[PDB]
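Quick heads-up: it's one chain on its own, the form deposited in one PDB entry, in structure tokens.
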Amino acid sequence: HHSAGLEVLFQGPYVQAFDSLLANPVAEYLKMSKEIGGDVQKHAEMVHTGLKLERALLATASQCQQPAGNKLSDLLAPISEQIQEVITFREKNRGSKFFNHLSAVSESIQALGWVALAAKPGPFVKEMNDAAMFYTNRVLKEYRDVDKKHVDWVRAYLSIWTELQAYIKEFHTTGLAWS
């Protein structure tokens, strides 16, 4: 029937593989972000939308021929706007009580842009996760023996990019496999 509209659909193989690797880190990161609240919670919602746009692009690639140099930026404009949204939130909230949490995310979120690389996407995400780790090391120093929910937040966030590296390694090693 038409009144029901678009029913829930099963994800194709590219996204199924992505979800099996990234579901548990993403869920834990979203749980701990809600527990911390404030700016950490607001930022996680933006990261979660970035991840949802990551899956939408993987689905595109599984059914689409890689377009011309210029024509690809038209496909990546939705994910690059979301990456910038996550970055400008940190830039506008420099007075935040959770600045290092905001910095860990803004300085690593560009990892979602691995889909724009035709060579070495894995080392790119490793370098992004090294930047997240610098700021998360500060969160650990401040909260390791004060608030354990911040310690799990750090571990949960960093494993998103560790699990993204495992996904790229298994399926898209030499770059996102376009149709």
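All residue numbers are counted from 1 along the displayed sequence.
We do not show the form deposited with a partner chain bound, though everything after this point is about it.
At the 4.5 Å threshold, heavy atoms of residue 122 stay clear of the partner chain in the bound PDB entry, well away from it. Using a 4.5 angstroms threshold between heavy atoms, residue 35 stays clear of the partner chain in the bound PDB entry. The partner chain is not shown here, but in the bound PDB entry it comes within 4.5 Å of a heavy atom of residue 128. The closest heavy atom approach of residue 135 to the partner chain in the bound PDB entry falls within 4.5 Å. Across the proposed site, 24, 39 and 166 without exception lack any heavy atom within 4.5 Å of the partner chain in the bound PDB entry.
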